[PDB]
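Comments concern the structure below.
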Amino acid sequence: XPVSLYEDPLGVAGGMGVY
Amino acid sequence: XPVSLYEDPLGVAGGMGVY
Amino acid sequence: XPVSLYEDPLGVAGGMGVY
Amino acid sequence: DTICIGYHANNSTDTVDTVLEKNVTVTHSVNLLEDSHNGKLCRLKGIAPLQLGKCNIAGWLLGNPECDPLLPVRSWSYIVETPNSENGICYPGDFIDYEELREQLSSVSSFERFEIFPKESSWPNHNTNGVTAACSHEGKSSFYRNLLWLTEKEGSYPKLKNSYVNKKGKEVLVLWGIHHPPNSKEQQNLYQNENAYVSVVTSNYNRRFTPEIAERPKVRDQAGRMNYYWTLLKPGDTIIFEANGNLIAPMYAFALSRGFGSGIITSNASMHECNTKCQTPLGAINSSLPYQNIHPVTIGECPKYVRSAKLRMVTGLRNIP
Amino acid sequence: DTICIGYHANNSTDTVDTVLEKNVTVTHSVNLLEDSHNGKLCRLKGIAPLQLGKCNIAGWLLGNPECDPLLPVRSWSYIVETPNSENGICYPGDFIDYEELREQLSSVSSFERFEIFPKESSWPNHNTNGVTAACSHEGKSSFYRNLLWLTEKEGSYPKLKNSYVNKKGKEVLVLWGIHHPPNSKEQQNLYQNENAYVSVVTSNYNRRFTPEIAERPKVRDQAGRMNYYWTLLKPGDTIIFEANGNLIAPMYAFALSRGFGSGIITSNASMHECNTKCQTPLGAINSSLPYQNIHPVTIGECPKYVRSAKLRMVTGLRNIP
Amino acid sequence: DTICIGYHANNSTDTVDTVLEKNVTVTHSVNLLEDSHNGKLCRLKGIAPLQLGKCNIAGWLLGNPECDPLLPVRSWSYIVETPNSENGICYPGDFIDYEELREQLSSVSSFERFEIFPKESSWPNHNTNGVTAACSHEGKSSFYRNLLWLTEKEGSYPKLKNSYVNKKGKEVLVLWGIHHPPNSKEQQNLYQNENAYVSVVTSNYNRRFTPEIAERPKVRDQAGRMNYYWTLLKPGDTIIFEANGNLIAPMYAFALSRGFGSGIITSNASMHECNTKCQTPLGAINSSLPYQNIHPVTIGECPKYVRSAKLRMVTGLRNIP
Amino acid sequence: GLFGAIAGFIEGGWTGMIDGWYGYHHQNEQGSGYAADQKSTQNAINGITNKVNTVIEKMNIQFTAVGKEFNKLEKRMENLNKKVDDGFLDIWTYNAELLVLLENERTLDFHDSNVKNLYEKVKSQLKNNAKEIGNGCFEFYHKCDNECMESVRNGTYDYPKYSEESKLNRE
Amino acid sequence: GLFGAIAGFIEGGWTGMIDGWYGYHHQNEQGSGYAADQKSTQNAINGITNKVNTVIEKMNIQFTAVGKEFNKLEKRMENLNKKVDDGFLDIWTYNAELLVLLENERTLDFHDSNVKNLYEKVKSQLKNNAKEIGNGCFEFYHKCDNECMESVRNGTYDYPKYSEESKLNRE
Amino acid sequence: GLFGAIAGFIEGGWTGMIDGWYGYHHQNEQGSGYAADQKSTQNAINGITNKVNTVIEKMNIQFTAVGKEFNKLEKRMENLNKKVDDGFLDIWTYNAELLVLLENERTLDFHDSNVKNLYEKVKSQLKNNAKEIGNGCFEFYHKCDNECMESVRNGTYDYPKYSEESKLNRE
Ligand SMILES: *[C@@H]1O[C@H](CO[C@@H]2O[C@@H](C)[C@@H](O)[C@@H](O)[C@@H]2O)[C@@H](O[C@@H]2O[C@H](CO)[C@@H](O)[C@H](O)[C@H]2NC(C)=O)[C@H](O)[C@H]1NC(C)=O
Ligand SMILES: *[C@@H]1O[C@H](CO[C@@H]2O[C@@H](C)[C@@H](O)[C@@H](O)[C@@H]2O)[C@@H](O[C@@H]2O[C@H](CO)[C@@H](O)[C@H](O)[C@H]2NC(C)=O)[C@H](O)[C@H]1NC(C)=O
Ligand SMILES: *[C@@H]1O[C@H](CO[C@@H]2O[C@@H](C)[C@@H](O)[C@@H](O)[C@@H]2O)[C@@H](O[C@@H]2O[C@H](CO)[C@@H](O)[C@H](O)[C@H]2NC(C)=O)[C@H](O)[C@H]1NC(C)=O
Ligand SMILES: *[C@@H]1O[C@H](CO)[C@@H](O)[C@H](O)[C@H]1NC(C)=O
Ligand SMILES: *[C@@H]1O[C@H](CO)[C@@H](O)[C@H](O)[C@H]1NC(C)=O
Ligand SMILES: *[C@@H]1O[C@H](CO)[C@@H](O)[C@H](O)[C@H]1NC(C)=O
Ligand SMILES: *[C@@H]1O[C@H](CO)[C@@H](O)[C@H](O)[C@H]1NC(C)=O
Ligand SMILES: *[C@@H]1O[C@H](CO)[C@@H](O)[C@H](O)[C@H]1NC(C)=O
Ligand SMILES: *[C@@H]1O[C@H](CO)[C@@H](O)[C@H](O)[C@H]1NC(C)=O
Ligand SMILES: *[C@@H]1O[C@H](CO)[C@@H](O)[C@H](O)[C@H]1NC(C)=O
Ligand SMILES: [Ca+2]
Ligand SMILES: [Ca+2]
Ligand SMILES: [Ca+2]
């Protein structure tokens, strides 16, 4: 949801580590 | 001769494996 | 100084091995 | 007890190409090619374009009677012609250096249309009501809105010499015409003088015109011809028209304001109340991608056009679920 | 008991370059650069080219008497000039917009040469047998096969006005000329009118010509000059010639059919009964390779020209016997 | 006892970029982008450039009186105009095909200025003393050094016809002018023929000029105009001037010798006693690097211009002290 | 791939590891499960982000570019204009496509390398306290609890503290 | 090479292995000879075929391109046409030569890595049932007949069936 | 890097090794110190020299190229000349910058590979006469003095000469 494991400003890892 | 070991449609492996 | 350890015609190793 | 080293796999069906292999299915990828437009003509940074509609550049600047709605326009971000922009020169002839004039207008951001030679006071010894059926308006014969067909008055066409001093602080685009009748009887009837001449001079322009009388094939039911000329009057400079016949005089001229980034495009799309930074003849683009395959013709700040159908960069791993 | 892992080696002497190393001998490689041609001019997909031989485009279209073999030609795939293509304009003068006419012919696949103004019937009040020694044929004075030198008849040159309506359903290339004598005695002897003019008009063409009499340096022993003009008549349009002197009238014109992929090249090679998809001025190319270093001028479907002397891609291993 | 494998580290602060990482500090690197020039105009392989100074190409070739120090120059390596090269056409008018003449001069390495029509012996029946205040020299009215203003002598301007045969074995650049007075009275007072004409012919050049009398806005206190023309006379060919008024005759001409690698630049830099293989408008480059970011305009053998601010190749290791 | 890990001696991917590009699977008697290597994944994300940003920034904005008009006697100039437009379009299409292809190859090799190096560092830590079982897995010669697994993941595996126990069980 | 196998720890190539880019040499009591790895050679051939075909397909067909003519007062336009032609020729010559160079380097490294990965696969199969004798060769601590060799080749080597014999021979 | 040596399992470089890109550190009872590998450094210098000279020679030389002039009625031709110049400049700027970036990445990986291969060759020579203590260092199970160290560097390490001594000390 609102929290991401990674800093990915360009969307390079899609929904990986996204919560 | 008439038989080849490999599918090589561009001639990339030359006469290798060709009998 | 006047002697170099390496043949370096373009200077790609800088002052390394230079005496 | 065990420990293993591994890599990610997911449900992605994205495929990329490499040099050794095609259609490698990968976990993550990014599209670098923009292929979506909105299908609309839009404002460019808040400024609406000038839509010529049925008219082209020539009908606009000459004042073709079919283009009266375009007379009060003053500023624009780009110019749009359509596949039906055919109302240009209505009296047949040649527009001299027309393509160069379009290229000049491609860097004009605004102008002031103003009366350079008022109809009622500039030609007291000539008739000013000349019209034609080639440039009809609402059924009746008419004429260009920015020009004036000077004719004989009371059987005489005196030598005329009229001047204008550019006090606008801007370049002034001045357009005029030269009429070539089909026979010498029409020449004498319209201008009385058979060895007529026109002379147009500025500080850096200098041309003389001679009527060429001959019968031409009928175009829009006219055997005569009319050639259209233009020049740029520099600020503070003077233009002088001298004639004893065949002059299609200027009535309105344009004080031009130059800008950057404008242009003329041909488009079948329709104007919406949208804003954009990138306009193509097919529609506006809203994208941060480096490439697009929508159209080579671009206005504003656009991605680079390429012929590619797919530019997909792999960012994740080979996907092996 | 042993097992070893190894790699192939052979008798190959092929060498490639890398960025880190030059002249790496490798087991297998493939050439990407075509350097072989057949040295012949060939048909392009079965259609033979037009060989102008000793003539150039001008001599061919005007009908230079040295180019009579070229008159019945009707279709071609490309046009070949040679370094010896010198027979063009025989009577000295200027071929106006000649390079544009060549660019026009570069997209013409076929045409019909036809009589636009028959000699024995279009000019009853003028003489049509004017010839000159500048356009010799078999030792005798002659003239262009497609044009007609109109001169005074029985001491008078009446005003002529002749027209032609294009019913060919195709563009028609019409060529004419304007004669400028060296002195006014020749002007009067030939055309019996000292203030002569020529007027050529269509629906979208409109020009007038005036003779410029003066003595020029002798070119091919002619102090007079002759300027050559051309226009494209649109389907259904009419061309009108009006004159009272100095007109080199059209006799034959060309109904043109447009095509793609053609062009004009200069070549020293000779025609053979070969068929190709790629023709260069040095010879034909039959190759599926992506690059060639044979010639930058190409007709058909050819590899990309590059200046490289060698483009060899390694496919196998470094060869270490 | 231990042995270790390791790699070099040093005090370098050189940084390079890669595709995966920016500002990588590395032990060794090499710059490929030349950004240093000497700020001077130098000679090109020993041969000094032609410095026009206050004059432009037109003032130089016509012989503007402000450009007298340029009269004896004979050879050069390139041509330098400055932002103040304003002295060109002093009597107002149009230099016809001026840009083409500049392009022609861009491939001239030397010439010989020679008297094609000596003043005291080529025009016995005309006055040759015409000067103007528009072309002032040291306060007094003057005229071009390479042209001659022919005017009536003792109330008559007889028809003149003069010729020159090119015996130089080289192309000869011939320049002339045509004067267009502001009113009929000046035309009569100067040339005493109201229907004047000029004819200039060679074997491949053919032009006729007629005066256009009209009042123009004052340029340099002149209401008349003067158009300037030029041609290249081929070796062995003849040029003929014929006139009965308004001819600004040639007096000096230029026998041109062609060369490779020259050009015309605009630059603010000063000339030094300095030799280079590469000259830009900002200064000379002495470099074996493949790229430069100094100026796109180059003369000689120069590195390739790019917009880059930095092109640094890593040659050593990532530096980790 | 070049480094033989992805689609190599590690034959498949893990759909159960949803929080990272690379990581571990643990199996002790406290249970089993996946552990994403978040720092290696983050450094890979940084590198790939720089790569994509590099492609985007080298392709600077395309400002106004429109067609031009030519009259009927300007066919040569018109054809020169379209030769220019078409040549530039050819070159830019070629550049874009081959840049994408080459960088895709390099990216796949980059991930392959990261997996191989992770495996190698785990092996270097474990030494003879564990056996290689193929398919990228190790089998401990001793008991390794969840904190011991995290020790392996963070690079702080204590080889001496299990050396004796594991050379007992290794026999 | 980058992977240190070709011209590296495997010093030379085998002219006696005429049937494949990569393969094996065996020496047991049943005799000696070469066995080309046909699957790996075919995979490499597919990859290199894709590479060459990519280079060819990215260079689209060059349609009719002929010179133009200009009169004596069109020297600027003539020189502009010349500048355009020469700039495009420069760019395409550069692109062709550089693409070939970089792809040649990549291809050599590709073959190097293939050989290295083959060697590592055999090593992972053999484990301690054989010794590394250098130059890419292994020496079995046991008897390995031709079917044992072939099982090494197709990746089905039976470690437990020779473990006992070889640890007694290894002593 | 791709090969995991530089900034990898060898965490830093050696400021004390000033005579070579790659080399060794020795520590026996005769003393301590660094020894640059001069032949591998020279090979690397040859390769990188070829690379730099390849860039330089592919760029050729830029001969005379000046602006042109156009009159007030030649605005279309003027803008076409500008379009040609700007397009060529765009393409060459892009080519230069991208080539430099790509080759920089390849150069760093080339060096990483060289360090990794040096390490692996020393390991291949030592075998079980020494232990891997991480950080790219080996620890001998025997006495190895300065000429034994040079024997390791020059590729002439005699394994049987210290076999038994080191198996005794390995226990
Ligand atoms: C496909 O999987 C996604 C989960 O995200 C994927 O897996 C990640 C590890 C990473 O690889 C991403 O790039 C992938 O897109 C499913 O979408 C998620 O579903 C959960 C349900 O628990 C939901 O909470 C999330 O919001 C969803 N995430 C997104 C981005 O929408 C999706 O349902 C799967 N699709 C199919 C067809 O199976
Ligand atoms: C930085 O160090 C250099 C020494 O050379 C460095 O190390 C080499 C191994 C190689 O990596 C080079 O590229 C490096 O630049 C110093 O330059 C030398 O300084 C000493 C001082 O004792 C002097 O005697 C030498 O003559 C210098 N070298 C030369 C070729 O003249 C330099 O001083 C150092 N800089 C700083 C700020 O400390
Ligand atoms: C060079 O060797 C070839 C054998 O083929 C070579 O080896 C292959 C493995 C592969 O690497 C090819 O690309 C190489 O060209 C000789 O040619 C063959 O010889 C065999 C002998 O048994 C014969 O049966 C074949 O018909 C031959 N085929 C061809 C295409 O030549 C060739 O004679 C050798 N040349 C010299 C000069 O020694
Ligand atoms: C492979 O990709 C191409 C285009 O890149 C596509 O035409 C084709 O259908 C794909 N093949 C498969 C099996 O998806
Ligand atoms: C582009 O899309 C974003 C996201 O919806 C929006 O905020 C922005 O206004 C859009 N730009 C234009 C020019 O419409
Ligand atoms: C090395 O290659 C170059 C061109 O690649 C060639 O000119 C030269 O002769 C070769 N030298 C040797 C020794 O093969
Ligand atoms: C990183 O590099 C960019 C250009 O490559 C430069 O502008 C910037 O200052 C650098 N930043 C640091 C922290 O070195
Ligand atoms: C392992 O690394 C993590 C990362 O911060 C740290 O919290 C922990 O203390 C380290 N040690 C162990 C034994 O987990
Ligand atoms: C080895 O591989 C071949 C090829 O599939 C197969 O026929 C054979 O059964 C496998 N096993 C052995 C022991 O050879
Ligand atoms: C090691 O190699 C070098 C290389 O020249 C040689 O001089 C030396 O004799 C070799 N042996 C030893 C023990 O150093
Ligand atoms: Ca027009
Ligand atoms: Ca001509
Ligand atoms: Ca001019």
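What are the pairs with Cβ atoms under 6 angstrom where one residue, in the range F:75-100, is in a loop (DSSP other than H, G, I, E, B) and the other, located anywhere, is β-branched (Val, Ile, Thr) and more than 16 Å from ligand 12 (Cβ to nearest atom)? Sequence gap at least six, or different chains.
Between residues of the range F:75-100 that are in a loop (DSSP other than H, G, I, E, B) and residues that are β-branched (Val, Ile, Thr) and more than 16 Å from ligand 12 (Cβ to nearest atom), the close pairs are F:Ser77/F:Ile47; F:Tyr78/F:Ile299; F:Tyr91/F:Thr132; F:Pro92/F:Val219.
Tell me which residues, restricted to the range E:267-292, are at the interface with chain H (Cβ under 9 Å from one of its Cβ atoms), of a type outside the set (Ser, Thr, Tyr) and out of contact with any strand residue (DSSP E or B) (no Cβ under 6 Å at 6 or more places or on another chain).
The answer is E:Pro290, and nothing else.
For the range I:38-72, what are the residues that are crowded, with 17+ Cβ neighbours inside 10 Å, of a type in the set (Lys, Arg) and in a loop (DSSP other than H, G, I, E, B)?
Once the filter is applied, which keeps residues that are crowded, with 17+ Cβ neighbours inside 10 Å, of a type in the set (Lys, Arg) and in a loop (DSSP other than H, G, I, E, B), the range I:38-72 yields only I:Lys68.
Being surrounded by 15 or more Cβ atoms within 10 Å (Cβ to Cβ) and part of a strand (DSSP E or B) is the filter here; which residues of the range F:113-126 pass it? Give the derivation first.
Keep residues of the range F:113-126 that are surrounded by 15 or more Cβ atoms within 10 Å (Cβ to Cβ), which gives F:113, F:116-117, F:122-123, F:126.
The one that is surrounded by 15 or more Cβ atoms within 10 Å (Cβ to Cβ) and part of a strand (DSSP E or B): F:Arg113.
Kindly indicate whether H:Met77 is assigned to a helix (DSSP H, G or I), within 11 Å of chain E (Cβ to nearest Cβ), buried (at least 16 other Cβ atoms within 10 Å of the Cβ) and within 16 Å of ligand 12 (Cβ to nearest atom). Show your work before the answer.
On the way: assigned to a helix (DSSP H, G or I): yes; within 11 Å of chain E (Cβ to nearest Cβ): yes; buried (at least 16 other Cβ atoms within 10 Å of the Cβ): yes; within 16 Å of ligand 12 (Cβ to nearest atom): yes.
When the stated conditions are applied, H:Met77 passes them.
Name, by its number, the condition in (1) assigned to a helix (DSSP H, G or I); (2) of a type outside the set (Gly, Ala, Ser); (3) farther than 26 Å from E:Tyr305 by Cβ; (4) at the interface with chain E (Cβ under 9 Å from one of its Cβ atoms) that does not hold for H:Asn117.
(4)
Restricting to the range D:245-275, and then to whatever is in contact with a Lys or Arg (Cβ under 7 Å, 6 or more places away or on another chain) and hydroxyl-bearing (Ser, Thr, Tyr), can you tell me which residue is farthest from ligand 5 (Cβ to nearest atom)?
Ranking the candidates gives D:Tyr252 first.
Within the range D:33-52, is even one residue charged (D, E, K, R), outside the structural domain of D:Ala134 (by CATH), surrounded by 19 or more Cβ atoms within 10 Å (Cβ to Cβ) and closer than 25 Å to G:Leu2 by Cα?
no
With the requirement that a residue be more than 8 Å from every other protein chain (Cβ to nearest Cβ) and within 24 Å of the chain's Cα centre (by Cα), what does the range D:213-226 give you?
Correct list: D:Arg220, D:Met226.
Checking H:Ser40 against (1) in contact (Cβ under 8 Å) with a residue 40 or more places away in the chain; (2) more than 16 Å from ligand 9 (Cβ to nearest atom); (3) more than 8 Å from chain E (Cβ to nearest Cβ), only one condition comes out false. Which one?
Result: H:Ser40 fails condition (2) only.
Could you run through the range F:101-137 and say how many residues are among the acidic types (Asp, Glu) and in contact (Cβ under 8 Å) with a residue 24 or more places away in the chain?
The qualifying residues number 2.
Just checking, how many residues over the range E:60-90 are within 25 Å of E:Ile239 (Cα to Cα) and either surrounded by 20 or more Cβ atoms within 10 Å (Cβ to Cβ) or within 16 Å of ligand 2 (Cβ to nearest atom) (or both)?
6
For H:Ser32, only one of the following conditions fails: (1) surrounded by fewer than 23 Cβ atoms within 10 Å (Cβ to Cβ); (2) among the small types (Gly, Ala, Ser); (3) in contact with a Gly (Cβ under 8 Å, 6 or more places away or on another chain). What is its number?
(3)
Give the residue that is farthest from ligand 3 (Cβ to nearest atom), with candidates limited to residues of the range I:156-169 that are more than 14 Å from chain F (Cβ to nearest Cβ) and either touching a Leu at 6+ places or on another chain (Cβ under 8 Å) or in contact (Cβ under 8 Å) with a residue 12 or more places away in the chain (or both).
Among them, the one singled out is I:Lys167.
Can you name every residue in the range D:195-228 that is of a type in the set (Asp, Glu) and either free of Cβ contacts under 8 Å to residues at least 60 places away in the same chain or outside the structural domain of D:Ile239 (by CATH) (or both)? Step through it out loud before you land on a result.
Step one: of the range D:195-228, the residues of a type in the set (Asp, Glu) are D:212, D:215, D:221.
Listed by number, the residues that qualify are D:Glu212, D:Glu215.
With respect to the numbered conditions (1) under 18 Å from the mean Cα position of the chain (by Cα); (2) away from ligand 8 (no atom under 16 Å from the Cβ), which one is the sole condition not fulfilled by G:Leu118?
(2)
Can you tell me how many residues within the range H:62-74 are farther than 23 Å from E:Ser287 by Cβ and facing chain E (nearest Cβ under 10 Å)?
To start, the set of residues in the range H:62-74 that are farther than 23 Å from E:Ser287 by Cβ comprises H:68-74.
Narrowing the set further to residues that are facing chain E (nearest Cβ under 10 Å) leaves H:68-71, H:74.
The total comes to 5.
(1) touching a residue at least 60 places away in the same chain (Cβ under 8 Å); (2) more than 30 Å from E:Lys159 (Cβ to Cβ); (3) buried (at least 18 other Cβ atoms within 10 Å of the Cβ): which one isn't true of D:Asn246, the others all being true?
(2)
Is at least one residue of the range E:307-321 touching a helix residue (DSSP H, G or I) at 6+ places or on another chain (Cβ under 7 Å), without any contact (Cβ under 8 Å) to a residue 24 or more places away in the chain and facing chain H (nearest Cβ under 8 Å)?
yes
Check I:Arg76 against each of (1) without any contact (Cβ under 8 Å) to a residue 12 or more places away in the chain; (2) touching a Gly at 6+ places or on another chain (Cβ under 7 Å) and name the one condition it does not meet.
Status for I:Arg76: all satisfied but (2).
Given the residues I:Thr107, I:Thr54, which is the only one that is more than 7 Å from chain F (Cβ to nearest Cβ) and β-branched (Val, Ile, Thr)? Full working, then the answer.
Values: I:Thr107 fails: more than 7 Å from chain F (Cβ to nearest Cβ).
Exactly one of I:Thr107, I:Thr54 is more than 7 Å from chain F (Cβ to nearest Cβ) and β-branched (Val, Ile, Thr), namely I:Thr54.
Restricting attention to the range E:84-94, and to residues there that are within 18 Å of E:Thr266 (Cβ to Cβ) and within 14 Å of another protein chain (Cβ to nearest Cβ), which single residue is nearest to ligand 9 (Cβ to nearest atom)?
To start, the set of residues in the range E:84-94 that are within 18 Å of E:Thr266 (Cβ to Cβ) comprises E:84-88.
Those still in the list that are within 14 Å of another protein chain (Cβ to nearest Cβ) too: E:85, E:88.
Details: E:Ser85: 70, E:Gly88: 76 Å.
Among residues in the range E:84-94 that are within 18 Å of E:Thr266 (Cβ to Cβ) and within 14 Å of another protein chain (Cβ to nearest Cβ), the one nearest to ligand 9 (Cβ to nearest atom) is E:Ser85.
When only residues in the range I:132-155 that are more than 7 Å from chain F (Cβ to nearest Cβ) and crowded, with 18+ Cβ neighbours inside 10 Å count, which is farthest from ligand 7 (Cβ to nearest atom)?
The extreme case among them is I:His142.
What is reported rests on the model, the rules as stated and the sources as named; none is laboratory data. Virtual Cβ from ideal backbone geometry, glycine too; neighbours counted across all protein chains shown.
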